[PDB]
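Asker: First the structure, then my questions, so here it is.
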There are 2 protein chains.
Amino acid sequence: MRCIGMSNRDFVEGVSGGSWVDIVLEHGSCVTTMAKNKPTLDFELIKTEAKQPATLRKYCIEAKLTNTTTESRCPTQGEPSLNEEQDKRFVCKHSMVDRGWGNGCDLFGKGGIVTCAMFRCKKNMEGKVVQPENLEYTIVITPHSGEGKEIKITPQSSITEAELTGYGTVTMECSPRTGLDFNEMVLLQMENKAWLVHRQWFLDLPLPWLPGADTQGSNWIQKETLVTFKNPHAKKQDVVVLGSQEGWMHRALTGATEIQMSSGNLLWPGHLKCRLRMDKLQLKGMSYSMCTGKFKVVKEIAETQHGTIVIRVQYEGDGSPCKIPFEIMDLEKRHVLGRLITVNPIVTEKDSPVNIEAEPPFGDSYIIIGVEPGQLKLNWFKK
Amino acid sequence: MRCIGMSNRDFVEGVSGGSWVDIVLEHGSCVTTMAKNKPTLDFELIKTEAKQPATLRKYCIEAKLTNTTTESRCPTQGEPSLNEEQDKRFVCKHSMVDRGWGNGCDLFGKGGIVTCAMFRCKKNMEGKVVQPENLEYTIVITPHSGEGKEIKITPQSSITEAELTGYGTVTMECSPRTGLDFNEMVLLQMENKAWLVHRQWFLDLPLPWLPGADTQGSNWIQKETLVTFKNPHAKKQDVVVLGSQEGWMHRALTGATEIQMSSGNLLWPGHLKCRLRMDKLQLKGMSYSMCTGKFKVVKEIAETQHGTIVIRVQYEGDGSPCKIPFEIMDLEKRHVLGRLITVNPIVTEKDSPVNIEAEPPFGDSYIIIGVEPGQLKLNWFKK
Ligand SMILES: *[C@@H]1O[C@H](CO)[C@@H](O)[C@H](O)[C@H]1NC(C)=O
Ligand SMILES: *[C@@H]1O[C@H](CO)[C@@H](O)[C@H](O)[C@H]1NC(C)=O
């Protein structure tokens with residue numbers, strides 16, 4: 001479930017001296033709002049989507065060499081230039097070797113030689129500069145009824161409305177924060193994890209890179225960082241790559257800042273500070289008859305991780321949509337004790353199970369739910 | 001070809017005041033020995049094989065995780081221990097999550113959870129301590145005839161003999177050197193290249209390692225260096241590797257000392273200082289008649305990279321195995337000028353081509369090869 005049973009959930013209650021109550025919404029946390037005559041709402045931040053990030057530079061971390069050619073000459077015959085020297089998709093190397101009889105040349109001496117190989121990247125990571133203003137926050141408002149409404153907000157339109165399903169409307173004004181010095185900070189993505197590193201530290205990485213505005217994927221820059229030519233023997237210099245740089249990147253990003261994922265969705269850390277105005281909220285119910293008084297416990301008392309207690313029951317009896325007779329009594333039945341979180345428990349159908357939550361006082365307490373013809377008298381010992 | 005036309009070739013001549021001449025044999029270099037009445041020999045170091053190296057430790061650089069299991073519990077139900085915790089081939093992780101209704105548990109609160117995954121290494125490098133005394137050096141001695149004898153030496157048996165094919169025998173005494181502080185130095189092998197690194201720097205590498213005496217390949221030590229558990233959500237913590245560490249190793253070994261290969265054979269740098277005693281060497285020939293005097297130039301004059309000049313000719317004429325009339329004359333035919341490198345050029349067969357090498361003086365010189373009935377009078381301009 002949500003909110004109830006979430007270790008990171010804060011309660012808040014609007015005073016009777018006005019409205020405009022402040023809440024703090026963060027990812028993985030729920031906020032519970034309530035007041036007298038006002039319905040209880042649950043606010044939760046779902047995802048923080050940073051749409052339209054600007055690709056800054058693309059580095060290659062795993063490449064492969066194919067189409068390796070080699071051409072040699074004899075002493076006093078000129079250098080052996082290859083056509084692949086005029087191709088940015090290739091990397092070449094010149095050298096000189098000893099030439100004479102046993103290798104089939106004119107005379108003795110230093111003969112030139114050239115070896116080229118096609119550079120083709122296989123796996124490559126990316127880096128993007130992210131804009132702070134065009135961020136998007138998804139918030140879910142749920143009426144705490146026990147039987148959600150989404151809203152997208154952005155720093156360029158912090159004011160919004162919320163047409164709840166039969167509960168009225170509530171006004172929101174949020175102000176955000178999500179990091180540190182975003183303009184000169186780059187989100188690095190390895191197509192498996194994500195980090196937030198410095199701009200200068202990212203721009204000067206010793207790897208074959210391509211500019212942001214690029215779709216070629218073959219005219220890289222500084223390919224020699226992943227390509228080394230071995231010592232030439234008879235002819236071919238035996239060019240060789242340097243394997244994969246995935247582990248080097250995973251190890252070099254230790255002192256960075258990683259961002260988890262929810263299968264695609266980036267979990268951006270940060271908190272929204274929001275003002276809520278609930279003066280235009282109505283309670284779904286009120287004008288309802290009382291139920292006949294038969295209730296069967298689907299499952300009885302169970303305290304949450306925030307002092308509040310919850311019971312799930314079913315109406316079963318017939319009496320239309322009606323209000324649940326619910327009272328919190330002493331060890332006897334003197335006065336009413338704890339308050340109610342799920343304000344005005346209603347019933348949509350006799351077969352639909354309904355949960356209810358409330359905060360009891362210390363020690364022994366009674367819960368009277370249902371009229372006498374089938375009254376549920378559930379005792380418990382809080383704390 | 002060899003020796004002739006090798007840019008790293010040194011000449012040496014034994015004086016008439018005894019024998020025991022010193023030479024320096026290194027990989028990729030040839031030594032030319034000669035003297036009056038003594039045949040010319042070519043010494044070359046082929047391979048430096050360090051047989052029987054002692055494996056010290058085996059590190060893994062590319063692993064993969066399979067057989068991932070996960071088990072959870074409810075609050076006040078105990079921790080969920082898995083059977084894979086008692087298996088060194090697995091890596092596990094404990095955690096606690098929020099549990100209540102929507103995830104099917106008893107009540108609310110912190111419920112334990114455990115996730116394990118089988119650690120299986122795919123590609124792994126090795127490190128070996130190498131012994132200096134049990135080194136093996138392969139030397140090739142070739143009689144400079146123009147138409148080789150191998151010997152294996154070790155520091156534990158530096159004295160040897162050389163039964164040349166019809167030239168007598170020569171005595172050798174070599175003393176070696178090949179590096180720096182071998183006892184606390186480890187040869188690192190990645191099954192593609194080889195380095196020589198420090199012992200302490202190698203023993204403390206942050207990678208899953210196994211002791212030297214090991215054939216298991218699955219009960220590694222410190223596997224968590226290549227395994228990280230992501231944040232748990234509903235149940236599985238989503239364990240993930242760190243890719244491949246091949247690039248990290250290839251980059252970290254920059255300030256080391258690399259060793260090239262000749263397809264399997266390690267090219268150990270170093271020089272052997274050898275004493276040669278050639279007093280028991282005879283010249284294959286001497287008691288031979290002179291040829292009739294017909295020679296056709298297979299290919300004429302061509303100077304090497306060490307001042308010496310070479311011509312390849314064929315006998316063609318009939319006259320049994322005979323000695324070649326060969327003289328170096330002035331611009332006229334006054335006196336004999338340059339000496340001869342291929343001492344006493346013989347002939348095995350009239351159809352077998354034969355090379356000849358000699359050093360001429362400055363400027364113009366004549367080469368008289370063959371008796372007058374078909375005499376070859378080849379002029380050239382050295383320097
Ligand atoms: C590389 O070699 C393959 C196989 O011969 C060939 O199909 C391909 O066209 C070559 N590419 C280049 C750029 O030469
Ligand atoms: C891992 O899973 C495969 C596929 O189910 C199975 O064949 C293998 O026996 C499993 N290994 C272990 C150690 O559980």
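Just remember, in the structure tokens the first chain shown is A, the second B, etc., residues are 1-based per chain, and ligands are 1-based in the order shown.
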If the limit is 9 Å from any atom of ligand 1, counting only C-alpha atoms and all ligand atoms, which residues qualify? Return them as a ChimeraX atom specification.

Answerer: /A:66-68,84,89-90,118

Asker: Suppose we keep N, CA, C and O atoms; can you now write the selection as a PDB file, in the first residue's frame?

Answerer:
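This is the output file selection-v6.pdb:
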```
ATOM      1  N   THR A  66      38.590  -3.403 -37.609  1.00  0.00           N
ATOM      2  CA  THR A  66      38.443  -4.291 -38.753  1.00  0.00           C
ATOM      3  C   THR A  66      39.115  -3.644 -39.957  1.00  0.00           C
ATOM      4  O   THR A  66      39.602  -2.511 -39.886  1.00  0.00           O
ATOM      5  N   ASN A  67      39.142  -4.378 -41.069  1.00  0.00           N
ATOM      6  CA  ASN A  67      39.674  -3.894 -42.344  1.00  0.00           C
ATOM      7  C   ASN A  67      41.093  -3.345 -42.183  1.00  0.00           C
ATOM      8  O   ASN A  67      41.381  -2.183 -42.475  1.00  0.00           O
ATOM      9  N   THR A  68      41.984  -4.211 -41.710  1.00  0.00           N
ATOM     10  CA  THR A  68      43.374  -3.841 -41.473  1.00  0.00           C
ATOM     11  C   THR A  68      44.186  -4.082 -42.741  1.00  0.00           C
ATOM     12  O   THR A  68      44.239  -5.209 -43.247  1.00  0.00           O
ATOM     13  N   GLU A  84      43.481   4.746 -47.070  1.00  0.00           N
ATOM     14  CA  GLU A  84      42.772   4.853 -45.802  1.00  0.00           C
ATOM     15  C   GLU A  84      43.313   5.966 -44.915  1.00  0.00           C
ATOM     16  O   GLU A  84      42.707   6.255 -43.878  1.00  0.00           O
ATOM     17  N   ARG A  89      37.498   7.498 -40.421  1.00  0.00           N
ATOM     18  CA  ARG A  89      37.079   6.245 -39.809  1.00  0.00           C
ATOM     19  C   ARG A  89      38.233   5.273 -39.611  1.00  0.00           C
ATOM     20  O   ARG A  89      38.026   4.199 -39.035  1.00  0.00           O
ATOM     21  N   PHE A  90      39.433   5.620 -40.070  1.00  0.00           N
ATOM     22  CA  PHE A  90      40.603   4.764 -39.972  1.00  0.00           C
ATOM     23  C   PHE A  90      41.675   5.429 -39.119  1.00  0.00           C
ATOM     24  O   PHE A  90      41.682   6.647 -38.922  1.00  0.00           O
ATOM     25  N   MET A 118      40.443   0.151 -39.604  1.00  0.00           N
ATOM     26  CA  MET A 118      39.177   0.862 -39.465  1.00  0.00           C
ATOM     27  C   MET A 118      38.736   0.885 -38.008  1.00  0.00           C
ATOM     28  O   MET A 118      38.615  -0.164 -37.368  1.00  0.00           O
TER      29      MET A 118
END
```

Asker: Can you work out which residues from chain A touch chain B at a cut-off of 10 Å (counting only C-alpha atoms) and hand them back as a count of residues only?

Answerer: 52

Asker: Might you pull out every residue within 12 Å of segment 10-18 of chain B, with only C-alpha atoms counted and same-chain residues fewer than 2 positions away left off, and present them as a PyMOL selection string?

Answerer: chain B and resi 3-8+20-26+28-44+275-279+305-308+341+359

Asker: Do you know which residues are at most 7 Å from residue 50 of chain B counting only C-alpha atoms, after dropping those on the same chain fewer than 2 positions away, and could you put them as a VMD selection string?

Answerer: chain B and resid 48 52 to 53 135 to 136

Asker: With N, CA and C atoms kept, could you save the residues just selected as an mmCIF file, in the first residue's frame?

Answerer:
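again_16.cif was written with the following content:
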```
data_model
loop_
_atom_site.group_PDB
_atom_site.id
_atom_site.type_symbol
_atom_site.label_atom_id
_atom_site.label_comp_id
_atom_site.auth_asym_id
_atom_site.auth_seq_id
_atom_site.Cartn_x
_atom_site.Cartn_y
_atom_site.Cartn_z
ATOM 1 N N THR B 48 64.311 -16.173 -25.619
ATOM 2 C CA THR B 48 64.663 -16.251 -24.204
ATOM 3 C C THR B 48 63.447 -16.820 -23.476
ATOM 4 N N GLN B 52 58.924 -22.864 -16.689
ATOM 5 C CA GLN B 52 58.485 -23.156 -15.328
ATOM 6 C C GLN B 52 58.427 -21.906 -14.455
ATOM 7 N N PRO B 53 57.527 -20.962 -14.730
ATOM 8 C CA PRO B 53 57.304 -19.857 -13.795
ATOM 9 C C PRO B 53 56.248 -20.213 -12.760
ATOM 10 N N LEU B 135 66.569 -19.820 -16.322
ATOM 11 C CA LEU B 135 66.307 -19.257 -17.637
ATOM 12 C C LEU B 135 67.011 -20.069 -18.724
ATOM 13 N N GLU B 136 66.496 -19.958 -19.947
ATOM 14 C CA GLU B 136 67.019 -20.700 -21.086
ATOM 15 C C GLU B 136 67.218 -19.748 -22.254
#
```

Asker: Residues at most 8 Å from residue 342 of chain B, counting only C-alpha atoms, excluding those fewer than 6 positions away in the same chain, as a ChimeraX atom specification?

Answerer: /B:39-40,144-146,356-358

Asker: Output the selection as a PDB file, in the first residue's frame - N, CA, C and O atoms for each residue.

Answerer:
```pdb
ATOM      1  N   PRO B  39      87.171 -19.701 -40.080  1.00  0.00           N
ATOM      2  CA  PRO B  39      85.921 -19.425 -40.793  1.00  0.00           C
ATOM      3  C   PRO B  39      85.103 -18.351 -40.092  1.00  0.00           C
ATOM      4  O   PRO B  39      85.204 -18.147 -38.880  1.00  0.00           O
ATOM      5  N   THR B  40      84.284 -17.658 -40.879  1.00  0.00           N
ATOM      6  CA  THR B  40      83.418 -16.606 -40.366  1.00  0.00           C
ATOM      7  C   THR B  40      82.113 -17.216 -39.869  1.00  0.00           C
ATOM      8  O   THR B  40      81.488 -18.018 -40.570  1.00  0.00           O
ATOM      9  N   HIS B 144      79.196 -18.691 -42.013  1.00  0.00           N
ATOM     10  CA  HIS B 144      78.975 -17.690 -43.056  1.00  0.00           C
ATOM     11  C   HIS B 144      79.535 -18.220 -44.374  1.00  0.00           C
ATOM     12  O   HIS B 144      80.640 -17.882 -44.805  1.00  0.00           O
ATOM     13  N   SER B 145      78.745 -19.072 -45.026  1.00  0.00           N
ATOM     14  CA  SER B 145      79.130 -19.676 -46.294  1.00  0.00           C
ATOM     15  C   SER B 145      78.352 -19.144 -47.486  1.00  0.00           C
ATOM     16  O   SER B 145      78.886 -19.131 -48.597  1.00  0.00           O
ATOM     17  N   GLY B 146      77.113 -18.706 -47.286  1.00  0.00           N
ATOM     18  CA  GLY B 146      76.307 -18.176 -48.365  1.00  0.00           C
ATOM     19  C   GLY B 146      75.459 -19.188 -49.101  1.00  0.00           C
ATOM     20  O   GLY B 146      74.953 -18.873 -50.184  1.00  0.00           O
ATOM     21  N   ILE B 356      78.223 -14.055 -51.919  1.00  0.00           N
ATOM     22  CA  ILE B 356      79.562 -13.719 -51.446  1.00  0.00           C
ATOM     23  C   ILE B 356      79.555 -12.276 -50.960  1.00  0.00           C
ATOM     24  O   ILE B 356      78.898 -11.409 -51.547  1.00  0.00           O
ATOM     25  N   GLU B 357      80.284 -12.028 -49.871  1.00  0.00           N
ATOM     26  CA  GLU B 357      80.327 -10.732 -49.208  1.00  0.00           C
ATOM     27  C   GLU B 357      81.770 -10.351 -48.914  1.00  0.00           C
ATOM     28  O   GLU B 357      82.577 -11.198 -48.520  1.00  0.00           O
ATOM     29  N   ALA B 358      82.087  -9.072 -49.104  1.00  0.00           N
ATOM     30  CA  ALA B 358      83.431  -8.571 -48.841  1.00  0.00           C
ATOM     31  C   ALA B 358      83.375  -7.063 -48.649  1.00  0.00           C
ATOM     32  O   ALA B 358      82.422  -6.404 -49.067  1.00  0.00           O
TER      33      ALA B 358
END
```

Asker: Mind checking which residues fall within 6 Å of residue 63 of chain B, counting only C-alpha atoms, ignoring those fewer than 3 positions away in the same chain, and posting them as a list in words?

Answerer: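 Here the answer would be residues 120, 121 and 122 of chain B.
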
Asker: Generate a file of the selected residues that holds N, CA and C atoms, formatted as a PDB file, in the first residue's frame.

Answerer:
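Writing done, so here's out_3.pdb:
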```
ATOM      1  N   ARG B 120      30.458 -15.917 -11.108  1.00  0.00           N
ATOM      2  CA  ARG B 120      31.158 -16.768 -12.065  1.00  0.00           C
ATOM      3  C   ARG B 120      32.055 -15.888 -12.925  1.00  0.00           C
ATOM      4  N   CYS B 121      33.367 -16.081 -12.807  1.00  0.00           N
ATOM      5  CA  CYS B 121      34.320 -15.313 -13.594  1.00  0.00           C
ATOM      6  C   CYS B 121      34.447 -15.899 -14.994  1.00  0.00           C
ATOM      7  N   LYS B 122      34.541 -15.017 -15.989  1.00  0.00           N
ATOM      8  CA  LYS B 122      34.665 -15.424 -17.385  1.00  0.00           C
ATOM      9  C   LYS B 122      36.100 -15.297 -17.886  1.00  0.00           C
TER      10      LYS B 122
END
```

Asker: Which of these residues is nearest to ligand 2, using only C-alpha atoms and all ligand atoms: B:72, B:264, B:83, B:147?

Answerer: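 When distances to ligand 2 are compared using only C-alpha atoms and all ligand atoms, the smallest one comes from B:83.
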